[PDB]
file my_file.csv (CSV, C-alpha atoms and all ligand atoms)
chain,number,residue,atom,x,y,z
A,3,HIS,CA,-0.9,-18.5,-11.4
A,4,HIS,CA,-4.5,-17.3,-11.6
A,5,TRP,CA,-3.8,-13.6,-11.0
A,6,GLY,CA,-0.9,-11.2,-11.4
A,7,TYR,CA,0.2,-8.2,-13.5
A,8,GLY,CA,1.0,-9.9,-16.8
A,9,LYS,CA,-0.7,-9.7,-20.2
A,10,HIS,CA,-2.9,-12.7,-19.5
A,11,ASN,CA,-3.7,-12.5,-15.8
A,12,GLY,CA,-3.5,-8.8,-15.0
A,13,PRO,CA,-6.1,-6.4,-13.5
A,14,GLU,CA,-8.5,-6.6,-16.4
A,15,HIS,CA,-8.9,-10.3,-15.8
A,16,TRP,CA,-9.3,-10.3,-12.0
A,17,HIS,CA,-13.1,-10.0,-12.1
A,18,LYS,CA,-13.5,-13.5,-13.4
A,19,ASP,CA,-12.3,-15.1,-10.2
A,20,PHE,CA,-13.1,-12.1,-8.0
A,21,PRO,CA,-16.4,-10.5,-9.1
A,22,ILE,CA,-16.1,-7.8,-6.4
A,23,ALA,CA,-13.5,-6.3,-8.8
A,24,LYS,CA,-16.5,-4.5,-10.3
A,25,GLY,CA,-17.9,-3.5,-7.0
A,26,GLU,CA,-19.1,-0.3,-5.4
A,27,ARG,CA,-16.0,0.7,-3.4
A,28,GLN,CA,-13.0,-0.5,-5.3
A,29,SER,CA,-9.5,0.9,-5.0
A,30,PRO,CA,-7.3,2.6,-6.1
A,31,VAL,CA,-9.0,5.7,-7.5
A,32,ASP,CA,-8.1,9.0,-9.1
A,33,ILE,CA,-8.0,11.8,-6.5
A,34,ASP,CA,-9.6,14.8,-8.2
A,35,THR,CA,-8.2,17.5,-6.0
A,36,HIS,CA,-10.7,20.1,-7.0
A,37,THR,CA,-13.7,17.8,-6.3
A,38,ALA,CA,-12.4,16.5,-2.9
A,39,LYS,CA,-14.0,18.4,-0.1
A,40,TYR,CA,-12.3,19.8,2.9
A,41,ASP,CA,-13.8,18.3,6.0
A,42,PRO,CA,-13.0,20.4,9.1
A,43,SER,CA,-14.4,17.7,11.3
A,44,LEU,CA,-11.5,15.4,10.3
A,45,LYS,CA,-8.9,15.1,13.1
A,46,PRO,CA,-5.2,15.1,12.7
A,47,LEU,CA,-3.7,11.7,12.0
A,48,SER,CA,-2.0,10.0,15.0
A,49,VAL,CA,0.9,7.8,13.8
A,50,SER,CA,2.4,6.1,16.9
A,51,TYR,CA,5.3,4.0,15.6
A,52,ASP,CA,7.8,4.5,18.4
A,53,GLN,CA,7.5,0.8,19.7
A,54,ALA,CA,7.2,-0.8,16.2
A,55,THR,CA,8.8,-4.3,16.0
A,56,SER,CA,9.6,-5.3,12.5
A,57,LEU,CA,10.3,-9.0,12.0
A,58,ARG,CA,10.8,-10.1,8.5
A,59,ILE,CA,10.8,-9.1,4.8
A,60,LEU,CA,9.1,-11.5,2.3
A,61,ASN,CA,8.8,-11.6,-1.5
A,62,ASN,CA,5.3,-13.0,-2.0
A,63,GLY,CA,5.4,-13.0,-5.8
A,64,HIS,CA,3.4,-9.8,-6.1
A,65,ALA,CA,5.4,-7.3,-4.0
A,66,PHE,CA,7.6,-7.5,-0.9
A,67,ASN,CA,6.1,-7.1,2.6
A,68,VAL,CA,8.0,-5.8,5.7
A,69,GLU,CA,6.1,-7.5,8.5
A,70,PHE,CA,5.6,-6.4,12.1
A,71,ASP,CA,4.7,-7.9,15.4
A,72,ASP,CA,1.0,-7.1,15.6
A,73,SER,CA,0.2,-9.2,18.7
A,74,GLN,CA,0.2,-6.0,20.9
A,75,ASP,CA,-0.5,-2.3,20.4
A,76,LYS,CA,3.1,-1.5,19.4
A,77,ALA,CA,2.7,0.5,16.2
A,78,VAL,CA,-0.8,2.0,15.8
A,79,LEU,CA,-2.7,4.4,13.7
A,80,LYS,CA,-5.6,6.4,15.2
A,81,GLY,CA,-7.4,9.7,14.6
A,82,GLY,CA,-8.1,11.2,11.2
A,83,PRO,CA,-11.2,9.6,9.9
A,84,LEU,CA,-10.8,6.6,12.1
A,85,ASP,CA,-12.7,5.4,15.1
A,86,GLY,CA,-10.6,3.2,17.4
A,87,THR,CA,-7.1,1.8,17.1
A,88,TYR,CA,-5.6,0.1,14.1
A,89,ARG,CA,-2.4,-1.9,14.4
A,90,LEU,CA,0.4,-2.0,11.9
A,91,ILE,CA,0.8,-5.4,10.3
A,92,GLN,CA,3.0,-4.8,7.3
A,93,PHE,CA,4.1,-2.3,4.6
A,94,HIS,CA,4.7,-2.9,0.9
A,95,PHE,CA,5.1,-0.9,-2.3
A,96,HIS,CA,3.8,-0.8,-5.8
A,97,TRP,CA,6.1,0.5,-8.6
A,98,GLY,CA,6.6,0.9,-12.3
A,99,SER,CA,9.0,-0.2,-15.0
A,100,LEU,CA,9.6,3.6,-15.7
A,101,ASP,CA,9.6,6.6,-13.4
A,102,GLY,CA,6.5,7.9,-15.0
A,103,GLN,CA,4.2,5.1,-13.7
A,104,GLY,CA,3.9,2.8,-10.7
A,105,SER,CA,1.5,4.4,-8.2
A,106,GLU,CA,-2.0,3.0,-7.7
A,107,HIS,CA,-3.8,6.1,-6.7
A,108,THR,CA,-3.4,9.1,-9.0
A,109,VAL,CA,-3.7,12.8,-8.3
A,110,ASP,CA,-5.5,14.7,-11.0
A,111,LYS,CA,-4.5,11.7,-13.2
A,112,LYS,CA,-0.8,12.1,-12.3
A,113,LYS,CA,1.0,8.8,-11.7
A,114,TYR,CA,3.9,8.7,-9.3
A,115,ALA,CA,6.9,6.3,-9.6
A,116,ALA,CA,5.7,4.2,-6.7
A,117,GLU,CA,3.3,4.0,-3.8
A,118,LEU,CA,3.9,2.8,-0.2
A,119,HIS,CA,1.1,1.1,1.7
A,120,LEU,CA,1.3,0.9,5.5
A,121,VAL,CA,-1.4,-1.6,6.4
A,122,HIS,CA,-3.2,-1.5,9.7
A,123,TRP,CA,-6.1,-3.6,11.1
A,124,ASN,CA,-8.9,-2.5,13.5
A,125,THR,CA,-8.2,-4.1,16.9
A,127,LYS,CA,-11.9,-4.5,17.7
A,128,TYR,CA,-11.9,-7.5,15.3
A,129,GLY,CA,-9.1,-9.4,17.0
A,130,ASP,CA,-7.0,-10.5,14.0
A,131,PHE,CA,-6.3,-9.4,10.4
A,132,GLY,CA,-8.3,-12.3,8.9
A,133,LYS,CA,-11.5,-11.2,10.7
A,134,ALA,CA,-10.8,-7.5,10.1
A,135,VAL,CA,-10.8,-8.0,6.3
A,136,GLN,CA,-14.4,-9.2,6.5
A,137,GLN,CA,-15.6,-5.9,7.9
A,138,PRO,CA,-16.3,-2.6,6.2
A,139,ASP,CA,-14.1,-0.7,8.7
A,140,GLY,CA,-11.6,-3.5,9.2
A,141,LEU,CA,-8.4,-1.9,7.7
A,142,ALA,CA,-6.8,1.5,7.5
A,143,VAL,CA,-4.1,1.8,4.8
A,144,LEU,CA,-1.8,4.8,4.8
A,145,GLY,CA,-0.7,5.5,1.2
A,146,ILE,CA,2.4,7.5,0.4
A,147,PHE,CA,3.5,8.5,-3.0
A,148,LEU,CA,7.1,8.2,-4.1
A,149,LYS,CA,8.8,10.5,-6.7
A,150,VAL,CA,12.3,10.1,-8.1
A,151,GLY,CA,14.8,12.7,-6.9
A,152,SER,CA,16.9,12.8,-3.8
A,153,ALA,CA,17.5,9.5,-1.9
A,154,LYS,CA,15.3,8.6,1.1
A,155,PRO,CA,17.8,7.6,3.8
A,156,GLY,CA,15.2,5.7,5.8
A,157,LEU,CA,14.5,3.5,2.8
A,158,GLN,CA,18.1,2.3,2.2
A,159,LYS,CA,18.0,-0.6,4.7
A,160,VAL,CA,15.0,-1.9,2.7
A,161,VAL,CA,16.8,-1.5,-0.6
A,162,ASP,CA,19.9,-3.2,0.6
A,163,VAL,CA,18.2,-6.5,1.7
A,164,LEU,CA,16.3,-7.0,-1.6
A,165,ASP,CA,19.1,-9.0,-3.1
A,166,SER,CA,18.4,-11.7,-0.4
A,167,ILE,CA,14.7,-12.0,-1.4
A,168,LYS,CA,15.0,-11.8,-5.2
A,169,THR,CA,12.4,-14.5,-5.9
A,170,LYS,CA,8.9,-15.5,-4.8
A,171,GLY,CA,8.8,-17.2,-1.5
A,172,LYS,CA,12.1,-16.0,-0.2
A,173,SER,CA,12.2,-14.2,3.2
A,174,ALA,CA,14.9,-12.7,5.4
A,175,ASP,CA,15.1,-11.5,9.0
A,176,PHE,CA,14.4,-7.8,9.1
A,177,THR,CA,14.4,-6.5,12.7
A,178,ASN,CA,14.8,-3.1,14.2
A,179,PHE,CA,13.5,-1.2,11.1
A,180,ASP,CA,11.8,2.2,11.9
A,181,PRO,CA,8.9,2.9,9.5
A,182,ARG,CA,8.9,6.6,10.7
A,183,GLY,CA,11.8,7.1,8.3
A,184,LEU,CA,9.4,6.5,5.4
A,185,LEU,CA,7.0,9.4,6.2
A,186,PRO,CA,6.9,12.8,4.6
A,187,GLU,CA,7.0,16.0,6.7
A,188,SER,CA,3.3,16.8,6.4
A,189,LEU,CA,0.5,14.4,7.4
A,190,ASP,CA,-2.1,16.3,5.4
A,191,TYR,CA,-4.3,13.6,3.6
A,192,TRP,CA,-7.2,12.6,1.5
A,193,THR,CA,-9.5,9.8,2.7
A,194,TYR,CA,-12.2,7.6,1.2
A,195,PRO,CA,-13.8,4.2,1.7
A,196,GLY,CA,-12.3,1.5,-0.6
A,197,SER,CA,-10.8,-1.9,-1.0
A,198,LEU,CA,-7.7,-4.1,-1.1
A,199,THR,CA,-6.0,-3.4,-4.4
A,200,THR,CA,-5.0,-7.1,-5.0
A,201,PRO,CA,-7.3,-10.2,-4.9
A,202,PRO,CA,-9.4,-10.9,-3.0
A,203,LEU,CA,-10.2,-7.1,-3.4
A,204,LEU,CA,-12.3,-7.0,-0.3
A,205,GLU,CA,-14.1,-3.8,0.5
A,206,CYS,CA,-12.7,-3.4,4.0
A,207,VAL,CA,-10.3,-0.4,3.8
A,208,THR,CA,-10.4,3.2,5.0
A,209,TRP,CA,-7.9,4.7,2.7
A,210,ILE,CA,-5.7,7.6,4.0
A,211,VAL,CA,-3.5,9.0,1.2
A,212,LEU,CA,-0.9,11.6,2.1
A,213,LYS,CA,-0.7,14.7,-0.1
A,214,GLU,CA,3.1,15.1,0.2
A,215,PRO,CA,5.2,12.5,-1.7
A,216,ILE,CA,8.5,11.3,-0.4
A,217,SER,CA,11.5,11.5,-2.7
A,218,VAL,CA,13.6,8.4,-3.4
A,219,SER,CA,16.7,8.2,-5.7
A,220,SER,CA,16.8,6.6,-9.2
A,221,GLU,CA,19.2,4.0,-7.7
A,222,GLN,CA,16.7,3.1,-5.0
A,223,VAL,CA,13.9,2.5,-7.4
A,224,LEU,CA,16.1,0.6,-9.8
A,225,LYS,CA,16.8,-1.9,-7.0
A,226,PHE,CA,13.0,-2.5,-6.6
A,227,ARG,CA,12.9,-3.3,-10.3
A,228,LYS,CA,15.5,-6.1,-10.0
A,229,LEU,CA,13.2,-8.2,-7.9
A,230,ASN,CA,11.4,-11.1,-9.6
A,231,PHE,CA,7.8,-12.2,-9.7
A,232,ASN,CA,8.9,-15.8,-10.3
A,233,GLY,CA,10.3,-18.4,-7.9
A,234,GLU,CA,13.9,-19.5,-8.0
A,235,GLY,CA,14.6,-22.0,-10.8
A,236,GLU,CA,11.7,-20.5,-12.9
A,237,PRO,CA,12.1,-18.2,-15.9
A,238,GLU,CA,13.0,-14.7,-14.8
A,239,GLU,CA,10.2,-12.1,-14.9
A,240,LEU,CA,11.1,-8.7,-13.4
A,241,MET,CA,8.8,-7.5,-10.6
A,242,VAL,CA,7.7,-4.2,-12.2
A,243,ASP,CA,4.3,-2.6,-12.9
A,244,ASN,CA,2.7,-4.3,-9.9
A,245,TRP,CA,0.0,-1.7,-9.7
A,246,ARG,CA,-3.7,-1.8,-10.3
A,247,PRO,CA,-5.1,1.2,-12.3
A,248,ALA,CA,-7.6,3.6,-11.0
A,249,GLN,CA,-11.2,2.3,-10.6
A,250,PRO,CA,-14.5,4.1,-10.8
A,251,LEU,CA,-15.3,6.3,-7.9
A,252,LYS,CA,-19.1,5.5,-8.1
A,253,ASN,CA,-21.1,6.7,-5.1
A,254,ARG,CA,-18.2,7.9,-3.0
A,255,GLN,CA,-16.8,11.3,-1.8
A,256,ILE,CA,-13.1,11.9,-1.2
A,257,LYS,CA,-12.5,14.2,1.8
A,258,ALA,CA,-9.5,16.3,2.4
A,259,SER,CA,-8.0,17.1,5.8
A,260,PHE,CA,-6.6,20.4,4.6
A,261,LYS,CA,-7.7,23.5,2.7
B,301,LIG,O1,-4.4,-5.6,-1.8
B,301,LIG,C1,-4.2,-5.2,-0.6
B,301,LIG,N1,-4.3,-3.8,-0.1
B,301,LIG,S1,-3.7,-3.9,1.4
B,301,LIG,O2,-2.6,-3.0,1.4
B,301,LIG,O3,-4.8,-3.4,2.3
B,301,LIG,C2,-3.4,-5.5,1.7
B,301,LIG,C3,-2.9,-6.2,2.9
B,301,LIG,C4,-2.7,-7.6,2.8
B,301,LIG,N2,-2.2,-8.4,3.9
B,301,LIG,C5,-2.5,-9.7,4.1
B,301,LIG,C6,-1.8,-10.1,5.3
B,301,LIG,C7,-1.8,-11.5,5.9
B,301,LIG,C8,-2.6,-12.5,5.2
B,301,LIG,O4,-4.0,-12.0,5.0
B,301,LIG,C9,-4.6,-12.5,3.9
B,301,LIG,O5,-5.2,-13.9,4.2
B,301,LIG,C10,-6.6,-13.9,4.5
B,301,LIG,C11,-6.8,-13.3,5.9
B,301,LIG,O6,-5.7,-13.7,6.6
B,301,LIG,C12,-7.5,-13.3,3.4
B,301,LIG,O7,-8.8,-13.0,3.9
B,301,LIG,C13,-6.8,-12.1,2.8
B,301,LIG,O8,-6.4,-12.4,1.4
B,301,LIG,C14,-5.7,-11.5,3.4
B,301,LIG,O9,-5.0,-10.6,2.3
B,301,LIG,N3,-1.1,-9.0,5.7
B,301,LIG,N4,-1.4,-8.0,4.9
B,301,LIG,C15,-3.0,-8.3,1.6
B,301,LIG,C16,-3.5,-7.6,0.5
B,301,LIG,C17,-3.6,-6.2,0.5
B,302,ZN,ZN,-2.3,-18.1,-9.2
B,303,ZN,ZN,-0.7,-2.2,-1.7
call {"tool": "encode", "arguments": {"input": "my_file.csv", "output": "structure tokens"}}
result
Amino acid sequence: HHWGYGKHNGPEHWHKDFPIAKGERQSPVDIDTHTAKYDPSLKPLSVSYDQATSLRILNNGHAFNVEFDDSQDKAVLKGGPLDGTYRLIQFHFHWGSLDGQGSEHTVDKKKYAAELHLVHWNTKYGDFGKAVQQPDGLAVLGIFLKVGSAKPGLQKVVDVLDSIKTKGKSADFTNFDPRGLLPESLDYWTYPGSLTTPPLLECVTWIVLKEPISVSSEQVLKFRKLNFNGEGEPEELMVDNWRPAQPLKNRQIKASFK
């Protein structure tokens, strides 16, 4: 397949099919905490997930997505740097082969073991496919994972992964509460960026939480048993499915906190 995370089709190759890979607002980035500026005009985040309706979990060959019913305002993100209402469509993770790497964003060059992306689209554009064509189409909440104590709210995800080992497999995944994946604090950094996988569209307001969540070694080990390949193809473990930091260029990272 034309893109992935291998030696021959990984991030350094993506620009050939997707020239925006070398664009002006690509993600992820390194968050230099001393250069980010506190913006007192930034509002607290409003995460309203009480009526979230998860539906399904899918191994798409690059990560696994937990998908939500986004046909109504059931789970929404508002406030912070955002104007308007953004609906939760899915979440997924990026992770490493080793605990020392796996996140996409970095903090003063520190890599975390993994990174959670809760993906939301701006309801003024009607559907996700139209939203990704707009500079304010998506809002992605990024949450770092470090290895330590288990995250209880993650275990229902971990335990279904055996049923979606290979690319193209899906399973029912109802009644999952994404609030169980949030840290205590909603302090954040924010900047304008892009999707971190092809087509790398420059449509994302990134909101990256300062406080990581802790997951156990056993939880992350279960992520690393997934496969990039389809069933009946040679096994390639789904690990190191992260894009490295891209140049910040003409962008400022703002902090919600001092
Ligand atoms: O790399 C990323 N950072 S991300 O977390 O914001 C994120 C979120 C997503 N999602 C995609 C979908 C449903 C299908 O949509 C896809 O099909 C067309 C529109 O329908 C394309 O225009 C476009 O390829 C789009 O991806 N749900 N989430 C994919 C990648 C990334
Ligand atoms: Zn391909
Ligand atoms: Zn992602």
call {"tool": "closest_residue", "arguments": {"input": "my_file.csv", "among": "A:185, A:116, A:47, A:109", "to": "residue A:85", "atoms": "all atoms listed in the file"}}
result
A:47
call {"tool": "residues_near_ligand", "arguments": {"input": "my_file.csv", "ligand": "ligand ZN 302 (chain B)", "cutoff": "9 Å", "atoms": "all atoms listed in the file", "output": "JSON, numbers by chain"}}
result
{"A": [3, 4, 5, 6, 11]}
call {"tool": "atom_distance", "arguments": {"input": "my_file.csv", "atom1": "atom CA of residue A:146", "atom2": "atom CA of residue A:104"}}
result
12.1 Å
call {"tool": "residues_near_ligand", "arguments": {"input": "my_file.csv", "ligand": "ligand LIG 301 (chain B)", "cutoff": "10 Å", "atoms": "only C-alpha atoms and all ligand atoms", "output": "NGL selection string"}}
result
:A and (29-30 or 64-65 or 67-70 or 90-96 or 118-123 or 130-136 or 140-145 or 196-209 or 245-246)
call {"tool": "write_last_selection", "arguments": {"input": "my_file.csv", "atoms": "C-alpha atoms", "output": "PDB file, in the coordinates of the input"}}
result
ATOM      1  CA  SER A  29      -9.500   0.900  -5.000  1.00  0.00           C
ATOM      2  CA  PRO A  30      -7.300   2.600  -6.100  1.00  0.00           C
ATOM      3  CA  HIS A  64       3.400  -9.800  -6.100  1.00  0.00           C
ATOM      4  CA  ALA A  65       5.400  -7.300  -4.000  1.00  0.00           C
ATOM      5  CA  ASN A  67       6.100  -7.100   2.600  1.00  0.00           C
ATOM      6  CA  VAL A  68       8.000  -5.800   5.700  1.00  0.00           C
ATOM      7  CA  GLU A  69       6.100  -7.500   8.500  1.00  0.00           C
ATOM      8  CA  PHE A  70       5.600  -6.400  12.100  1.00  0.00           C
ATOM      9  CA  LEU A  90       0.400  -2.000  11.900  1.00  0.00           C
ATOM     10  CA  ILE A  91       0.800  -5.400  10.300  1.00  0.00           C
ATOM     11  CA  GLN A  92       3.000  -4.800   7.300  1.00  0.00           C
ATOM     12  CA  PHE A  93       4.100  -2.300   4.600  1.00  0.00           C
ATOM     13  CA  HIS A  94       4.700  -2.900   0.900  1.00  0.00           C
ATOM     14  CA  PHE A  95       5.100  -0.900  -2.300  1.00  0.00           C
ATOM     15  CA  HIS A  96       3.800  -0.800  -5.800  1.00  0.00           C
ATOM     16  CA  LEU A 118       3.900   2.800  -0.200  1.00  0.00           C
ATOM     17  CA  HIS A 119       1.100   1.100   1.700  1.00  0.00           C
ATOM     18  CA  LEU A 120       1.300   0.900   5.500  1.00  0.00           C
ATOM     19  CA  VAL A 121      -1.400  -1.600   6.400  1.00  0.00           C
ATOM     20  CA  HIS A 122      -3.200  -1.500   9.700  1.00  0.00           C
ATOM     21  CA  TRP A 123      -6.100  -3.600  11.100  1.00  0.00           C
ATOM     22  CA  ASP A 130      -7.000 -10.500  14.000  1.00  0.00           C
ATOM     23  CA  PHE A 131      -6.300  -9.400  10.400  1.00  0.00           C
ATOM     24  CA  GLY A 132      -8.300 -12.300   8.900  1.00  0.00           C
ATOM     25  CA  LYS A 133     -11.500 -11.200  10.700  1.00  0.00           C
ATOM     26  CA  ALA A 134     -10.800  -7.500  10.100  1.00  0.00           C
ATOM     27  CA  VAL A 135     -10.800  -8.000   6.300  1.00  0.00           C
ATOM     28  CA  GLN A 136     -14.400  -9.200   6.500  1.00  0.00           C
ATOM     29  CA  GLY A 140     -11.600  -3.500   9.200  1.00  0.00           C
ATOM     30  CA  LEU A 141      -8.400  -1.900   7.700  1.00  0.00           C
ATOM     31  CA  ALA A 142      -6.800   1.500   7.500  1.00  0.00           C
ATOM     32  CA  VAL A 143      -4.100   1.800   4.800  1.00  0.00           C
ATOM     33  CA  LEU A 144      -1.800   4.800   4.800  1.00  0.00           C
ATOM     34  CA  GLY A 145      -0.700   5.500   1.200  1.00  0.00           C
ATOM     35  CA  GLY A 196     -12.300   1.500  -0.600  1.00  0.00           C
ATOM     36  CA  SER A 197     -10.800  -1.900  -1.000  1.00  0.00           C
ATOM     37  CA  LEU A 198      -7.700  -4.100  -1.100  1.00  0.00           C
ATOM     38  CA  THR A 199      -6.000  -3.400  -4.400  1.00  0.00           C
ATOM     39  CA  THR A 200      -5.000  -7.100  -5.000  1.00  0.00           C
ATOM     40  CA  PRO A 201      -7.300 -10.200  -4.900  1.00  0.00           C
ATOM     41  CA  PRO A 202      -9.400 -10.900  -3.000  1.00  0.00           C
ATOM     42  CA  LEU A 203     -10.200  -7.100  -3.400  1.00  0.00           C
ATOM     43  CA  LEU A 204     -12.300  -7.000  -0.300  1.00  0.00           C
ATOM     44  CA  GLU A 205     -14.100  -3.800   0.500  1.00  0.00           C
ATOM     45  CA  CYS A 206     -12.700  -3.400   4.000  1.00  0.00           C
ATOM     46  CA  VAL A 207     -10.300  -0.400   3.800  1.00  0.00           C
ATOM     47  CA  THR A 208     -10.400   3.200   5.000  1.00  0.00           C
ATOM     48  CA  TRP A 209      -7.900   4.700   2.700  1.00  0.00           C
ATOM     49  CA  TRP A 245       0.000  -1.700  -9.700  1.00  0.00           C
ATOM     50  CA  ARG A 246      -3.700  -1.800 -10.300  1.00  0.00           C
TER      51      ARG A 246
END
call {"tool": "atom_distance", "arguments": {"input": "my_file.csv", "atom1": "atom CA of residue A:81", "atom2": "atom CA of residue A:190"}}
result
12.5 Å
call {"tool": "closest_residue", "arguments": {"input": "my_file.csv", "among": "A:194, A:248, A:189, A:117", "to": "ligand ZN 303 (chain B)", "atoms": "only C-alpha atoms and all ligand atoms"}}
result
A:117
call {"tool": "closest_residue", "arguments": {"input": "my_file.csv", "among": "A:191, A:230, A:23, A:236", "to": "residue A:38", "atoms": "only C-alpha atoms"}}
result
A:191
